[PDB]
Every structure is written in structure tokens, then in C-alpha cells.
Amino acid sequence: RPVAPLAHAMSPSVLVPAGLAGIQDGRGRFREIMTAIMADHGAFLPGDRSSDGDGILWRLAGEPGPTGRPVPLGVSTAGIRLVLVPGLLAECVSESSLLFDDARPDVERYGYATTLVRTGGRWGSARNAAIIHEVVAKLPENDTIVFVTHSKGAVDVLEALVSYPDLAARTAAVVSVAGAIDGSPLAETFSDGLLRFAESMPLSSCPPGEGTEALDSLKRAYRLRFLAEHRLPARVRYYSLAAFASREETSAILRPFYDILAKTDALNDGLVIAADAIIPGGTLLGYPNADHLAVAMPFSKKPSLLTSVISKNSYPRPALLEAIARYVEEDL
């Protein structure tokens, strides 16, 4: 695309150390919690692996040490409900994959209720925000609501919190997992024609979108403008995990997109750059060593061409989701 229209749409933005955008560094305590969880009951959890070194969570510079304070490893009685919100195209592959599906037995064992929200896989954030608003309105009043979101789901939820003060007042926390907070430059990379055809083609698992509504929601200019123009509700707590893996531990299907992003930032999960995946003013929990899909969306149906090309899908999602729940309960 010629640069003039992109320039006109872009709001001034700056890449800064996390501290300068009001981010609390919770990387040390989160590593501590997740590591203890896996030492305590990781052995039969799907995706179990060594927690040593960068195995589960990358060690970026400046990481705080462990606090030494005991990690809760029993059943929660806090009445917390994790409201799971998926991202782009998730609805379309629902037969093969549901968000954190293999992690929900483990967190429910330990006292955390879970609800999965079905969003439009090909719909814009405003339309999905209304869906989320209606779902949460029907959840039990005494539950403590903690969103756990993936990809576009994160900004579906942020737009909802900004649009519906009653949802904001109802919500204790939002956790972003590889959330597309600043969108992705890939949303602009491909032709409108291609995006329009993808939006409108008949699929038996997800309804079509209008125009390019879903991708419009993921454009960097749009997403940066949202954050420039709307304060996130202050009474809600925000937390972010930003995934990336090495090229060889990145799924085949994601590698061509990884390769585009890696031209300027190797710390990307295939679809989202890590610096674009952190909610400003929130808490940074860390960097799962996993590509965009492995960190949150299990694919296991065999055989499947789809499952086969998502070739690096193994990650300890149950331990990750349990660590998220325990960190937020502790932080709250």
C-alpha cells in the first residue's frame, strides 16, 4: 500500500521500556507460581515439559527474583470464574480446537470455574463486545469475573469494557494471552480482495463478516487509536502474557508469517509481536515459550491436514492457565 493513507490514519506511537508505560513487572512471581505448579502436579497434565531455563517462560533481562512466599497449591474457594474469550477464526475451527480446552479440567479441579465465550470468528470487535456483554450479564452474580483472552479476544474484551460501564463494574480482571493489543502489521499486509473473500466465504462453522470488519479491528492504526482515545477502566486489573518461540519451535503454518515479523522483531509468536501484546498500565506476567496457537489453542484431532501443519502445538497450557488463575487470585 502507498504510505500516505497509512500515515493519515496513524496516531503517534512510541516503543518504550515497559516501566515507562506504567507496567508492573510480575514476571518473577508468575515464574515461581507456574514452576511450583508443575513440580507439584505437572506429571499428568497435557503438554508437561521441563520448567528449567527458558523451557516454559523466556528469561528476558531485568526479571525480578522469586519472592520465596509459598505458592498456593490447594483448591481455591475464592469463587473466581475464568471467562475464556478466543480470537480471530477460532469459531471457524471449533470442531478441531476450543480455547484452553485441555486446561479446563485442571483449573476446575482446583476451584476455578470456567466459561467459554463463542465469538464471531470473522466479526469485528464491536459486534463481539456485545456478545461478551450479554454472556457475562447471565453469569452468577457472586462469581469473581476474570477474563482470560487470546489474540483478538483480548481487544474484543477491552472494547466491551470501554463500551459497557456495567460490564466494567462487574469485571475484576482481564488477562491477555498473546493478545493483539496493538493489532498486527500482518492485518495490513494482504490485499483487501483476499481479506474480503475470506470474510464472506461460506463455512459451516462460522458466519461471514461484512467487508473486512474482523481485520479492521486488528490494524495497528485502529488499535493504537483506540488506546490513545479511551482510558481502560481503572477499577479492572490487567495482566499480559506475550508468547514467542524460536523459528524451529514455531508451527509450520505460522512460519511464513513469523518470517515477515522477524524482519524487524524476532520476539513474535508468528502473528503478534511481543511489544504489541502488552496491555499498558497492567502487569506483565511474562513470555511463554510457545507460538501463537500453542500457548492457548489445543489441536489434537488425528489425522487432519490442519492438525499436521500446526506442527508445534505442544505447550503446558493447563499449568499456564492454573498459574494465571492463582496469580490473579493472589494479586486480587
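Residue indices: 1-based, along the sequence shown.
Which of the two stretches, 118-126 or 74-82, shows the higher mean Cα temperature factor in the record?
-> Per the PDB record, 74-82.
Looking at the deposited entry, does 135-143 or 90-98 carry the larger mean Cα B-factor?
-> According to the PDB entry, the answer is 135-143.
Go through 62, 47, 270, 288 one by one and give the residue whose Cα B-factor in the PDB entry is largest.
-> Of the candidates given, the C-alpha B-factor peaks at 62.
Between 284, 296, 38, 306, where does the Cα B-factor run highest in the record?
-> In the PDB entry, the greatest C-alpha B-factor among 284, 296, 38, 306 is found at 306.
Split the chain's modelled residues into thirds by Cα B-factor; is residue 228 in the lowest, middle or highest one?
-> Within its chain, residue 228 is a highest-third residue by C-alpha B-factor, going by the deposited values.
If you rank the chain by CA B-factor, which third does residue 4 end up in: lowest, middle or highest?
-> Highest third - that is where residue 4 ends up once the chain's C-alpha B-factors are sorted.
Entry-reported Cα temperature factor of residue 239, expressed as the chain third it lands in | According to the entry, residue 239 has a C-alpha B-factor in the chain's lowest third.
What third of its chain's C-alpha B-factors does residue 10 belong to: lowest, middle or highest?
-> Middle third.
CA B-factor ranking of residue 105, expressed as a third of its chain | Ranked within chain, residue 105 CA B lands in the middle tercile.
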